[PDB]
Amino acid sequence: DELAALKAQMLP
Amino acid sequence: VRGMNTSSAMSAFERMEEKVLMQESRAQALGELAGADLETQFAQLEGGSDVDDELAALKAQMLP
Amino acid sequence: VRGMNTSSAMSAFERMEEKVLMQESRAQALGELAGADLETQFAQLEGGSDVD
Amino acid sequence: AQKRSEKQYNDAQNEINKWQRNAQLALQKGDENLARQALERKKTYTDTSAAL
Amino acid sequence: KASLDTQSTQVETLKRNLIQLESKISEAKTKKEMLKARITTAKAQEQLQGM
Amino acid sequence: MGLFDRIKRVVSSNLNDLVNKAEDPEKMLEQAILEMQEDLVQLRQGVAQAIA
Amino acid sequence: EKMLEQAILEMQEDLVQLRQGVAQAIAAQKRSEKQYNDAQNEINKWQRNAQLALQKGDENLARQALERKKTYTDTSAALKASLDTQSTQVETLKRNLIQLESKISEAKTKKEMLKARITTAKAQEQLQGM
Amino acid sequence: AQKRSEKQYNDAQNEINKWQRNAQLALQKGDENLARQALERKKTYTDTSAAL
């Protein structure tokens, strides 16, 4: 769940 | 980690919870016994009568 | 940093925090109670009325 | 005690928010491992905050 | 080399515990405030209610 | 049994007085956290030797 | 409360002692296994030596190695038998510990129930006083 | 005492709910044994709740 949030956070 | 006889954290938690639970529960329970009185529930109705009759006088007093 | 509980940097923060927290909390509580009383509020209203 | 622990409860969120800087800056280095370790702190502070 | 690998694994096991223990003691710092606040809250009521 | 009966009565008299004397709250918290704050360092002072 | 309180403290210390005993049994199993493993390793080494002896041309040495292997096998067999007997005892101890853990929790629950009935009895006594 | 039992009962129910989520999570994870263990724990919790 940290990866899911992190990948969205790094994406922009 | 396994909780030997006087493991300082575990032993402290036990001793605190003895006080913590007893005191808080006493205060809630004795507070409900002090609040149990029927005349105190009548004091809620009295507060309703008091605020409604004070409003009736007040609305006339502010009206002029 | 981690060797002893008695180090000056570690100890100073603990001692200061207890003293500071108690003083701040006590002063605030006392002030609020005075404000709460009806008589104080009435006087303030009178002063405003007096000023105009 | 409410004012005190409310300040601390606010400060747990202030920490969560500051630890977004940690996770964001780690991502701006490419340090996913470090950003995960920031997200663990924001998680543990969130857990703390509920209890308070 | 056999000993080295075994004790290295054991040293990792100790370090994993230290990381958890650093949490376990943080929790014990934290609760104090709520406990004192509850205690004092109750003690105020304890005096009050008897009267 | 008579020795076990004297154990019941004597150990209960002494332990009831001790648990009533001992168990005031703020004494316990500040000890416990100080003791474990000692212990973490003691553990590291072990584990370093083995790392090395 | 006094009879109940003393018992709870006593059971916990006993459990710790039981755990230590279980650990010793577990340690013993590991030691026997290590000894068994060592015997197997020794047998393997002996087998290589016996083959080497034949290449060397010393007939007596090879024969001696075979005799040693049989002795090692007997020791290994004895160790295996000992391990099996020990294992059953260990399983029983583990089962007892699990049961004990369930039991201590129940005892705590019993104390709460006991406390409530005593309070009720006290109320009845007050009525008699009236 | 009634409140304490209720709290314990509530905690058991909460624990059971958490266990149920974990059991479902275990199936997703692919660890069959863990899910089975959770179910056994739930039964024990239910028994405790029933006793309470």
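What the entry reports as its method is cryo-EM, with 6.5 Å given for the resolution.

Colleague: Break down the overall build of chain F for me, citing the residues and quoting the values.
Modeller: A tally of helices and strands in chain F yields 2 helices and 0 strands. Its C-alpha atoms give chain F a radius of gyration of 20 Å, clearly above 10 Å, the size a compact globule of 52 residues would have. In terms of principal-axis extent, the alpha carbons of chain F reach across some 60 × 30 × 5 Å.

Colleague: Provide a residue-level description of the packing of helix α1 (residues 2–56) of chain G against helix α2 (residues 59–129) of chain G, including the pertinent values.
Modeller: All names here are of chain G. Packing of α1 against α2 brings their axes to within 9 Å, and their N-to-C directions diverge by 165 degrees. Comparing the axis directions of α1 and α2 gives the class roughly antiparallel. The chirality of how α1 crosses α2 is left-handed. Seen from α1, the contacting residues are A39, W46, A50 and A53; seen from α2, they are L61, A62, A65, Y72 and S76.

Colleague: Help me get a handle on helix α1 (residues 2–29) of chain D, residues and values and all.
Modeller: In this model α1 of chain D runs 40 Å from its N-terminal to its C-terminal C-alpha over 28 residues, within 8% of the 40 Å that 1.5 Å per residue would give. Positive phi appears at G30 of chain D, one or two residues downstream of α1 of chain D, with a value of about 85 degrees.

Colleague: Describe the environment of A23 of chain D, with residues and values.
Modeller: Residue and element names in this part refer to chain D. Structurally, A23 can be placed in helix α1. It is 7.2 Å that separates the C-alpha atoms of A23 and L34, two residues lying 11 residues apart in sequence. Non-local contacts of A23, meaning those with residues more than four positions away in its chain, are made with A35 and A38.

The rules behind the values
- Residues numbered from 1 in each chain as written, not as in the entry; some residues may be left out.
- Chains lettered and ligands numbered in written order.
- Part of a larger assembly, values for the part shown.
- Heavy atoms only, no water.
- Residues with missing side-chain atoms left out of burial classes, pairs and counts.
- Helix = DSSP H or I, 4+ residues; strand = E, 2+ residues; numbered from the N terminus.
- Rg over C-alpha atoms; globule rule 2.2 N^0.38 Å.
- Axes fitted to C-alpha atoms, helices over the stretch in contact; angles between N-to-C directions.
- Parallel < 35°, antiparallel > 145°, perpendicular 65-115°, else oblique.
- Left-handed = near helix turned anticlockwise from the far one by under 90°.
- Contact = heavy atoms within 4.5 Å.
- Expected span 1.5 Å × (residues − 1).

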